[PDB]
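Data first, discussion second: the structure below is written as structure tokens.
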Amino acid sequence: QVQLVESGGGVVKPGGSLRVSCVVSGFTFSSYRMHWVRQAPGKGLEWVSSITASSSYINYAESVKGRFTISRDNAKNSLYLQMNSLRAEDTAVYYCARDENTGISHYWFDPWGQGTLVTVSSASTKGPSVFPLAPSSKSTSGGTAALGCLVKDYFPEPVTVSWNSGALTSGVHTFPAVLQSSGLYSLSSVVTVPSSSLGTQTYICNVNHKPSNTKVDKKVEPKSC
Amino acid sequence: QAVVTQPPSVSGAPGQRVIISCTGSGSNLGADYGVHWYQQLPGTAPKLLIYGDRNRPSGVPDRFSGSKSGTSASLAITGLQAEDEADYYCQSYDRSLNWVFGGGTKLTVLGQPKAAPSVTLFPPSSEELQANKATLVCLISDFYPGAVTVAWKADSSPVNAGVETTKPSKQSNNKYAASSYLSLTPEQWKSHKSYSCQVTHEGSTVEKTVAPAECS
Amino acid sequence: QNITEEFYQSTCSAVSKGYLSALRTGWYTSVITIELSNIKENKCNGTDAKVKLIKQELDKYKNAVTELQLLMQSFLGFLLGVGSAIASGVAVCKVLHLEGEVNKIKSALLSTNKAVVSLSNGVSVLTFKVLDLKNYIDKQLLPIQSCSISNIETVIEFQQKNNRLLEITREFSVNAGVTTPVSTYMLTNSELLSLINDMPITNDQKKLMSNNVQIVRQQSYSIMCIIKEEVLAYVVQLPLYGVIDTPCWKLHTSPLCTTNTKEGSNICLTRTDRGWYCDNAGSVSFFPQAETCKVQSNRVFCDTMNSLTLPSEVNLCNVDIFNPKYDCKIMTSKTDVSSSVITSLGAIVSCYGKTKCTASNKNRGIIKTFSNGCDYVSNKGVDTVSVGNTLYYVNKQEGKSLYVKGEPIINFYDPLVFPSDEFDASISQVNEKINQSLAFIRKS
Amino acid sequence: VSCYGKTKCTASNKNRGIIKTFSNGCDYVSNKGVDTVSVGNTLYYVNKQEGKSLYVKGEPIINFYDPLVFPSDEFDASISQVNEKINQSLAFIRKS
């Protein structure tokens, strides 16, 4: 089965450098042209660069000429993209794809990889800001009362929250993070619990921040008004 | 030298027939270069639907067919199903720009009943107040058409500064979710009797009000 | 950094690698037109010296037109298969003989010298106008009629403007209407480049073709097609290189024999699969007639019409000839004669009998003497090798060569039960015959 | 078209593309509605001359031979020579 596996993606500051890789298997790597294609978050597809089977001819898009460099190594079945002087508009998922063609008019990309995300942000890694959101009379009664925690001012996207160490899974809804003009993220989670169970059921919001190892715990209980 | 254009969006009803168009110029399709289509699901990678203007790879359910003529190409889908909600791309070759891709057309299938949005307006937290800064949390969830306009109304004058709103996101129960954030100061929180977070859903308006304590 | 070579002593063969492919997989056809005049015999019964020259130049033109009108009137190379080289261009001309196809072309080229015309069968071809004799004759030579020439440069200008047509007519006449190497009279270099620039191919293919126009000419055709009304038309059939820039490697083989002192009693062996090898898509194209591949520096141009499709396992025959995955093809004999094979970066010497075999260079003379058997010498410090009465020059290409040692495989066979006159055999087939012969001799 | 082994053999059109796939054995296709045939990595254009063709059906003669006693390396042979070689090989098979 033909497989294209990309790797090497990560965060970097503007003007930095990065190198992505793609390792193939299941076909003769040295008989084909290879390509790089990127897609901005929420945007369309854009061809980046191509390289023939023996590196003889190389093409770049006009927006990356002079900054990117494509290469391959036929012995290790891998191709490379060296990115230099990164800009903000270079944030996207990068795919490696194999060329298919009929010789004269048709040229397409039949097999694609899975993608590797590259983020170019000037912000600096910071710890999350976790606060409690106790239920209130206005946000109570009805059928159930809802209560949750808030995470604020955290740069790295991958923030995970578990309430009872994974022992609570019903009524827990997580909302997507919001990108502020300052470049920091912030995401709030809410739980739905019975109004009559308020105080009898212990609620704790665990925030695990792997890029700054900030594994905090914050208990949400009603506090008068 | 040229560019390829595609309709931003298209809609249809189950069982019907929709058409997606791709328009080129004299350097892509007037220069005898073929058109090819790709389908992309919300979180997957692109996959080939049609190559050579009309050819179908093994695995496409024969419900997709395309044709090209002059500087125009079209993709036709018959028997629209609920699994066809995906982005569709057309790609060709240009004399100067080499491999080029269309803007992309997202297919939508109708049939989901309309449901009024639910709005929850959490107030500033007591711990949040201690940090000499407080932000009001407003949440929106369970609304079908993914277009809700959030305006923060404080007292009798709309407040726009410090308003951060996320885009709707498809949930596991096929319902969209949104959130709104309004940054304030501790003095401003207690200087104003009450705040409001109205949410508009295709005309329908549902809001809430929240004061410093409002408890008597 | 490109070309390397390896010599295998066990089989007496060498492999050259480091080359790049350009394989002709299809054809592209274009229509070239020349606009003619309808000059009829004029009276102009003059006696001037320049008028006579003009009359001679008009007679040449008319004779050429008449001749053009008369032209159209109502080892292992035996496994290849036969195709038809000019089928596509002939089909295009068969289309062009239809009712309105000449009128369509004529009316689509009056404003511009290049255009794309859609034929009645739906195919769109490039049509390109290279010469306009109608304009120069109808105007500026028969002004509205120059019956007394007042300038000599008119004669010279008309003679210059007429050479192209006469040369084209000559070339078509001595070839029955089909010229394989396309001359610069049929297509100038600028016209060929402009035509390559308009093909719907990628920029890599265009760069490959633009830098090797001399090979493109050598692999093209020109077909005399039609001359009706005031249009001359012929088709040019150009190569399409669908596969480019893949690795390619050449194989050289020489006979391998035993070295007994007695004149007879010696058995020989040879690999028959010498040629060019290129891998295009999950397999290998093999060209037994290495004469059919042009080489430019480290780029090989080959035509797939003269190839066989083989599995990728064929390469195992160079590493181990007794592998089970692929059965290697050999030839057996009983005649041992000395000879030499000049490889990419050296020479293979099979020196048998009483012949004298040596290698030399210009500064020091002989620097090696060969013994009986198969041997190899690199071109690093060798200029010539002499076998018997023959002298060879070695190629002076730059590259690295490697010598691989091993016992020749002809020593593993028993001469008593060895088959000899096997032209198209293989390892397994020889083993089967040996096994049958050896099993028969168990009589009791 | 002689298609043997694991090779992929087809016949195509300009307008409709592939219109036939060949199986193992020897076959024939007319040029009435065919433009090219591809065998392995090679492609051929067929002549487009006008005429009529006929297909004559019979059982290939290679199936009448026993592979055990079949001569295998012959260049200038004939039907009679192969038959007499087969007869000689088959006659020698006598036990005791």
Side-chain angles (χ1 to χ4, degrees), chain A residues 127-154 156-179 185-210 214-223, chain B residues 42-43 115-128 135-144 146 148 150 164-181 197 199 206 208 210:
Chain A
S129 182
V130 188
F131 299 122
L133 321 161
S136 68
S137 304
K138 316 317 298 161
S139 294
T140 207
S141 182
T144 59
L147 62 98
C149 277
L150 182 150
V151 179
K152 176 206 191 53
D153 291 349
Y154 69 99
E157 172 58 27
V159 163
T160 183
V161 179
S162 76
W163 279 81
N164 297 168
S165 311
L168 185 41
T169 57
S170 297
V172 183
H173 179 236
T174 315
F175 290 96
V178 58
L179 163 56
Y185 303 143
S186 61
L187 89 165
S188 67
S189 188
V190 173
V191 187
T192 287
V193 278
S195 174
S196 45
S197 76
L198 172 144
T200 65
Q201 173 63 43
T202 57
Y203 308 111
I204 299 165
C205 57
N206 310 318
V207 176
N208 171 271
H209 198 243
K210 178 67 181 294
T214 302
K215 329 178 174 190
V216 69
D217 50 350
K218 186 75 195 257
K219 62 180 68 180
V220 181
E221 294 170 358
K223 299 298 293 295
Chain B
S118 174
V119 62
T120 287
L121 182 46
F122 282 99
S125 178
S126 65
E127 167 51 25
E128 173 65 12
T135 301
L136 279 73
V137 178
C138 197
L139 301 169
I140 301 168
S141 59
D142 312 297
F143 63 92
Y144 160 48
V148 298
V150 172
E164 298 276 20
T165 309
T166 57
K167 280 73 176 175
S169 79
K170 179 57 46 163
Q171 295 177 181
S172 65
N173 74 334
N174 316 282
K175 298 305 307 208
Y176 281 90
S179 295
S180 199
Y181 291 74
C197 175
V199 328
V206 58
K208 213 180 290 273
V210 122

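Reminder, nothing fancy here: chain letters follow the sequence lines and each chain counts from 1.
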Can you name the nearest heavy-atom pair linking A:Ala146 to A:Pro135, along with the distance? O-CB, 3.5 Å
Would you check, one step at a time, whether the test side-chain contact (heavy atoms from CB on, under 4.5 Å) holds for A:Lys219 with A:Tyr203? CA-CA 6 Å; A:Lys219 62 180 68 180; A:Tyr203 308 111; over 6 Å; no
In Å, rounded to the nearest 0.5 Å, how long is the span from CH2 of A:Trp163 to OG1 of A:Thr202? 10.5 Å
With sequence neighbours left out, which residue pairs that include part of residues 187-196 of chain A fulfil the side chain to side chain donor-acceptor pair (under 3.5 Å) condition? A:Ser188-B:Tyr181
Exceeds 12 heavy-atom contacts within 6.0 angstrom, atom NZ of B:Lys208: yes
Rounding to 0.5 Å, atoms CG (A:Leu133) and OG (B:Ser125) come to a distance of 6.0 Å
Could you check whether any side-chain heavy atom of B:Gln171 comes within less than 4.5 Å of a side-chain heavy atom of B:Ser141, counting everything from C-beta outward? yes
Min side-chain heavy-atom separation A:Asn208-A:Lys215 under 4.5 Å: yes
How far apart are the closest heavy atoms of A:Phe175 and B:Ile140, and which atoms are they? CE2-O, 3.8 Å
For A:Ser162, is there any backbone N or O sitting under 3.5 Å from a side-chain donor or acceptor partner on A:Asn206? yes
Side chains of B:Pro168 and B:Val148: closer than 4.5 Å at any heavy-atom pair? no
Identify the two heavy atoms, one from B:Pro123 and one from B:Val210, that lie closest to each other, and give their separation to 0.1 Å. CB-CG1, 3.5 Å
Supply the atom-to-atom distance A:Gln201 CD to A:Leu147 CG, rounded to the nearest 0.5 angstrom. 9.5 Å
With sequence neighbours left out, the residues meeting side chain to side chain contact (heavy atoms under 4.5 Å, CB included) with B:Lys167 are none
Do the side chain of B:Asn173 and the main chain of B:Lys175 share a donor and acceptor less than 3.5 angstrom apart? yes
I need the A:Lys138 NZ to B:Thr120 OG1 distance, nearest 0.5 Å. 13.0 Å
The ring pair (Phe, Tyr, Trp, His ring centres under 6.0 Å) partners of B:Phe143 (sequence neighbours excluded) come to B:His201
Hey, is the main chain of A:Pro194 close enough, under 3.5 Å, to the side chain of A:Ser197 for a donor-acceptor pair? yes
So, the side chain of A:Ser139 versus the backbone of A:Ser136: is there a donor-acceptor pair under 3.5 Å, distance only? no
Out of curiosity, B:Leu136 CG to B:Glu128 CD, how far, rounded to the nearest 0.5 Å? 9.5 Å
Check against side-chain contact (heavy atoms from CB on, under 4.5 Å), B:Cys197 and B:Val150: CA-CA 7 Å; B:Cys197 175; B:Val150 172; 4.1 Å; yes
Using atom types as modelled and distance alone, determine if a side-chain donor or acceptor of B:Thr166 lies under 3.5 Å from a backbone N or O of A:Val178. no
Going by side-chain contact (heavy atoms from CB on, under 4.5 Å), A:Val207 matches just one of A:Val161, A:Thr160, A:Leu150. Which one? A:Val161
Is B:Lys170 atom NZ crowded by more than 12 heavy atoms from other residues, nucleotides or ligands, each under 6.0 Å away? yes
